[PDB]
Amino acid sequence: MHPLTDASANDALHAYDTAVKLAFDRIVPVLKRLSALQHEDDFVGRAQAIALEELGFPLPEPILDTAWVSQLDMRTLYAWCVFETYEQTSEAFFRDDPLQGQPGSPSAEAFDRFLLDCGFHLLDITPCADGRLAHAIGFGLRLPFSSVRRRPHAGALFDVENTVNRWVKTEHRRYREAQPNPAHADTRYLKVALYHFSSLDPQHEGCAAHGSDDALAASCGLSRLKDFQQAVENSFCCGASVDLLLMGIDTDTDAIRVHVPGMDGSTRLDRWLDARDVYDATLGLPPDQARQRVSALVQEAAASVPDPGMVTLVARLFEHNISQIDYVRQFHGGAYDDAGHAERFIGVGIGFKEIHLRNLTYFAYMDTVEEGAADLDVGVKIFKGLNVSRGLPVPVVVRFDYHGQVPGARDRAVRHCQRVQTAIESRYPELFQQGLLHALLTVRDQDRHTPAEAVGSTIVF
Amino acid sequence: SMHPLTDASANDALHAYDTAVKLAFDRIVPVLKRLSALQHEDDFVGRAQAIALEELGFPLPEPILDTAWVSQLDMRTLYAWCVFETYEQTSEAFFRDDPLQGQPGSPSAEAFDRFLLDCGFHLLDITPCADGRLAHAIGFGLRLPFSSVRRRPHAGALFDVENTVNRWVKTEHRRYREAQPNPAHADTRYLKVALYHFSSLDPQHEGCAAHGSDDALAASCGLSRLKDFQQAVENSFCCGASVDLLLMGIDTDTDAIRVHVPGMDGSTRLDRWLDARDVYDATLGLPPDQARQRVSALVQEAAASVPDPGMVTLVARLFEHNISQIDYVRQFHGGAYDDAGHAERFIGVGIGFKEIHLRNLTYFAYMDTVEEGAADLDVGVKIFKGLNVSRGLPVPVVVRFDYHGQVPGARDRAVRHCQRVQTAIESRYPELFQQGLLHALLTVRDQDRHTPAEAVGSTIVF
Ligand SMILES: O=C(COP(=O)(O)O)[C@H](O)[C@H](O)COP(=O)(O)O
Ligand SMILES: O=C(COP(=O)(O)O)[C@H](O)[C@H](O)COP(=O)(O)O
Ligand SMILES: [Zn+2]
Ligand SMILES: [Zn+2]
């Protein structure tokens, strides 16, 4: 184990990942047992009892009570079980805080203070929406989830104009509430773009939004970063700038690489500092020195004289990522066998606050189907290979955040969910009519830290 | 025959502008009829261009005229083409000549920003109904310099409450960082106005279609959104944030406004109001100076409860302005618009058009995607089946998206947005489209400058 790895953290995170993934993967084995029993006299009783033992909840009775006519409707049970499993999963995230990083947690308070010391008053991260990066924040960089805005997008192509609007909203809160700090204080908004690549099969397992070309994914991520900065500098008077960070992550090993920037965001696309070289460089050092050597390495990999706080923060991410490297060596032989797509359901809408595990969710950002149906089609094709290949429906969970202070915003969000549902049912009528596609509608009040809310389903009784 | 408060020079200028722009669209059909009668003449392509330049000021597409002999004169395309080119010319004249004399930096806009600040308001954000009979409410009905107000038309005056909260935040941010319009600590409020409409000559049928032509429901739905916005701002920010509200309606037969004067905190009676027609009658035999004081006293007593002094000052100036438009309609339109219903020349889709300030020029449908604007665009398309399709002419559609020129790659996002909308429209009206009865022009406009909108695509190709 590396002298800088948090052993027990690695165990706790492993215990979490295996627990949630077990809940989802126990479904098929249970449904296989039930299918064998559907002609027995006490079928309904024995099925309810199997499901309680195994999944911890019971099944919709109408589907069991009528299995003798049509036969037992497995496609609908499977979707329903995935939805129910997602609800229990999500509710327990807000209830138990498995990551120890909710608002007000010691970890979150600690990191908020550390970000301020480094010269940053907000940390806004866009990873590619790829399911293989959903654990980037909690596992890959070991940051409390609540100390961070996470804004995922296919190929890390975030909305430049909406990010400027988030900068404006952030400054305004500094002006009126001095939250997180006074407006006059010499801190900067920090925008990060996290792309990914595959070290084991770079040609086919890379970022599919950019044809699995590492250079294209790195350079489009930077193009957006620059454009955001240029946009702030052009739209407001006086100082008016932001800090930038372009990072990638290997989906085979979870090692990150940082393009350490100069003070003004000068980034080189062809030179990076890979956490694996960091890992090997500090492996024989006692902890205190190893931390020093990570510092000097990040300093030395800067594109031009770097900002001191940027050097400190990047060194912390390397220090943090070294644990995740050991994580994948411990529990995944140094390379995930699910090198590609193995997600358990599709998520569409706004990013899921509670989803922080690798290959759990295929996320497609969209305000409307009319836009980013391309990104949704990609997932649907993927789940044709994962689920329809073996007779199982494609499960979709729609999510929209709303401001639970705006009167009627919750109502607006719910109706937004049904607007998406109608559009999905229209886009794939073959699958929807063959019962090979179902949607769950969830809304989440983003003004406090409570669980999302299930507001409708294609499964109807 | 003229009210002491009426501004006769302003009335003449605004009449000259409305007249010239409606004449340009109204010449299209008579020109096209003349070309149709000439289509067999040996010199037809030459004659057609010459007439087209003399009468309309732009040329017609060669290939339409060139092939008239085999495939027949394609009037459908010609007509759409001419509406688009006319839209183009008058749109750029608006930016180039400032017919309303209200562009940024104009004397008229300077004065009205000072007056607004003086009344206690640092921003006037108005949502009229998107109905094309209200497009002139700002520049004509209220004689407000267009550049010093935010105009956000929506069907039924149902503006986006969350986005308005975001506008308020953007506004506050400018105040903090730049002191524009004023320093953040100054004691001014953001003012959101909802402007509904109704028809006094046919209430049952010519009112707001979004609300079933039901005046009381149009008024109460506008009020409801205003209160929601106010409740959103108060509940979303510390330290007693608030905003002011104003509900008013305009009568589309006579251009007379009526105001539900509110008390300090926004308290508004729906069931009663102050009609500009009664304010007109009540000041008519008074010198200009007493007429104004009288207007102020009438606003004052009309309030639902004790009003804010600054709000009284502003509403009385809006009444003073509206009195000129009341006289405008009475002298140039017999006192009742002869086109009481819809007579728009084209459908506008997307973001509201900065440059459209004439009555019955544009049926406007707000939308960022067709997936969400469909119902509203259906209504406009239906209206145009009566206005145009019924007589063989296409439904012309101009798409517009504003974009922040200061944001790199934003124009290209707007163009791509326009293309997405074109594709969607074409899919939703597939008969009209392949039958050549629906065309669309794509327009974008940099809202970070005062410059003409740019044409970026068209369903008329060769
Ligand atoms: O970026 C995030 C979380 O990203 P993700 O949801 O993808 O984890 C936001 O800061 C808040 O969570 C949004 O609202 P709220 O403050 O209620 O959480
Ligand atoms: O979009 C602009 C800026 O355009 P520009 O400064 O280039 O004219 C307006 O501020 C609002 O859209 C309000 O509409 P209006 O000003 O027509 O009331
Ligand atoms: Zn990707
Ligand atoms: Zn209306």
Side-chain angles (χ1 to χ4, degrees), chain B residues 7 10-11 13-15 17-18 21 90-91 94-95 97-113 115-116 119 121 123-157 159 164 167 181 190-198 208 222 226 245-252 254-259 276 314-329 337 344 348 351-364 366 400 402 445 447 450 453:
Chain B
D7 180 343
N11 275 19
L14 293 162
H15 186 228
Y17 172 49
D18 175 86
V21 168
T90 80
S91 172
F94 178 92
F95 286 98
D97 305 320
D98 198 6
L100 300 182
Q101 295 286 277
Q103 77 186 15
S106 62
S108 171
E110 307 290 287
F112 187 75
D113 302 323
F115 171 76
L116 206 74
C119 298
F121 307 113
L123 192 146
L124 183 51
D125 167 0
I126 298 176
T127 284
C129 180
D131 188 302
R133 290 167 306 164
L134 268 59
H136 67 318
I138 301 311
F140 287 65
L142 303 173
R143 314 279 172 110
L144 302 177
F146 69 90
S147 79
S148 53
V149 303
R150 306 296 326 274
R151 176 166 150 255
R152 310 287 303 162
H154 287 266
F159 56 88
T164 308
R167 186 165 308 115
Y190 186 108
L191 173 63
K192 178 69 190 179
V193 182
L195 167 55
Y196 66 91
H197 72 89
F198 63 93
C208 185
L226 289 165
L245 311 181
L246 193 58
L247 176 74
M248 40 183 280
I250 192 172
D251 164 18
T252 52
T254 75
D255 280 348
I257 67 164
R258 67 191 196 193
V259 180
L314 164 68
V315 166
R317 179 76 49 83
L318 302 172
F319 272 114
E320 181 173 352
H321 286 182
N322 194 236
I323 292 190
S324 278
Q325 188 57 27
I326 281 170
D327 269 341
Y328 180 97
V329 169
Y337 280 113
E344 294 95 336
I351 303 322
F353 301 1
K354 171 51 73 153
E355 79 262 45
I356 299 293
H357 292 278
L358 303 185
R359 173 179 196 276
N360 276 318
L361 195 55
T362 308
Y363 181 109
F364 178 70
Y366 183 98
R400 156 77 47 87
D402 290 349
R445 179 191 74 100
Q447 86 205 82
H450 185 60

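FYI, side chains are in, hydrogens and waters are out, and symmetry mates aren't considered; it's all heavy atoms of this structure. We name chains A, B, ... by the order of the sequence lines, and we start the count at 1 in each one.
The CE atom of B/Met248 lies 7.0 Å from the CG atom of B/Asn322; values are rounded to the nearest 0.5 Å. The line from OH of B/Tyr196 to CG of B/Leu247 is 5.5 Å long, rounded to the nearest 0.5 Å. Here the straight-line distance linking atom OG1 of B/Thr362 with atom CD of B/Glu344 works out to 7.5 Å at 0.5 Å rounding. A distance of 8.0 Å separates CG of B/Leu116 from CG of B/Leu123, quoted to the nearest 0.5 Å.
Evaluation of the salt bridge (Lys or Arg N to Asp or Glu O under 4.0 Å) rule for B/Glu355 yields B/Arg400 as partners, not counting sequence neighbours. B/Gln101 pairs by the side chain to side chain donor-acceptor pair (under 3.5 Å) definition with nothing, not counting sequence neighbours. Checked against ring-ring contact (aromatic ring centres under 6.0 Å, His included), B/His154 has the following partners two or more places apart in sequence or in another chain: B/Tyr366. Scanning for side-chain contact (heavy atoms from CB on, under 4.5 Å) contacts around B/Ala130 gives B/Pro153, B/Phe364, with sequence neighbours left out. For B/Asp131, the salt bridge (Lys or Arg N to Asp or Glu O under 4.0 Å) partners two or more places apart in sequence, or in a different chain, are B/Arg133. With sequence neighbours excluded, no residue forms a ring-ring contact (aromatic ring centres under 6.0 Å, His included) with B/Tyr17. Residues meeting the salt bridge (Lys or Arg N to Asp or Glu O under 4.0 Å) test with B/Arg150, sequence neighbours left out: none. With sequence neighbours left out, the side chain to side chain donor-acceptor pair (under 3.5 Å) criterion links B/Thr127 to B/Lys192. Applying the side chain to side chain donor-acceptor pair (under 3.5 Å) rule to B/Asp98 yields no partners; only residues at least two apart in sequence or on another chain are considered. Among residues two or more places apart in sequence or in another chain, the salt bridge (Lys or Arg N to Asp or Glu O under 4.0 Å) test is passed with B/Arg167 by B/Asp125. Residues satisfying the side chain to side chain donor-acceptor pair (under 3.5 Å) criterion with B/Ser324, sequence neighbours excluded, are absent altogether.
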Please report, to 0.1 Å, the donor-acceptor pairs under 3.5 Å made by any side chain of residues 137-146 of chain B, with sequence neighbours excluded.
from     : atom 1 : to       : atom 2 : distance (Å)
B/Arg143 : NE     : B/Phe140 : O      : 3.0
B/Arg143 : NH1    : B/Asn11  : OD1    : 2.8
B/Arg143 : NH2    : B/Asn11  : OD1    : 2.6
B/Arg143 : NH2    : B/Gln325 : OE1    : 3.0

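The shortest heavy-atom contact between B/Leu134 and B/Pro128 is CD2-CB, 4.2 Å. In terms of heavy-atom proximity, B/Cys208 sits nearest to B/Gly156 at SG-CA, 3.8 Å. Pairing each heavy atom of B/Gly222 with each of B/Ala194, the nearest pair is O-CB, 4.1 Å. In this structure, B/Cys129 and B/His197 approach most closely via the heavy-atom pair CB-CD2, 3.6 Å.
Among B/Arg445, B/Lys354, B/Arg152, the one residue that satisfies the salt bridge (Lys or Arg N to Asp or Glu O under 4.0 Å) test with B/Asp402 is B/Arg445.
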(request) Applying side chain to side chain contact (heavy atoms under 4.5 Å, CB included), run through B/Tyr328 and B/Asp18 and close with a yes or a no. (result) CA-CA 12 Å; B/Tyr328 180 97; B/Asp18 175 86; 3.8 Å; yes
(request) Show the numbers, then the answer: is there a side chain to side chain contact (heavy atoms under 4.5 Å, CB included) between B/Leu124 and B/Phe112? (result) CA-CA 11 Å; B/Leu124 183 51; B/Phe112 187 75; 4.1 Å; yes
(request) Determine, step by step, whether B/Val193 and B/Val149 satisfy the side chain to side chain contact (heavy atoms under 4.5 Å, CB included) criterion, reporting the C-alpha distance in whole Å, the side-chain angles of both residues, the deciding distance to 0.1 Å, and the verdict. (result) CA-CA 10 Å; B/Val193 182; B/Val149 303; over 6 Å; no
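A donor-acceptor pair under 3.5 Å is formed between the side chain of B/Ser147 and the backbone N or O of B/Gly102. Side-chain atoms of B/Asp255 never come within 3.5 Å of backbone atoms of B/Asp327 as a donor-acceptor pair (strictly under, hydrogens ignored). Between the B/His450 side chain and the B/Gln447 main chain, no donor and acceptor come within less than 3.5 Å of each other. With hydrogens and angles disregarded, a donor-acceptor distance shorter than 3.5 Å links the side chain of B/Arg359 to the backbone of B/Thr252.
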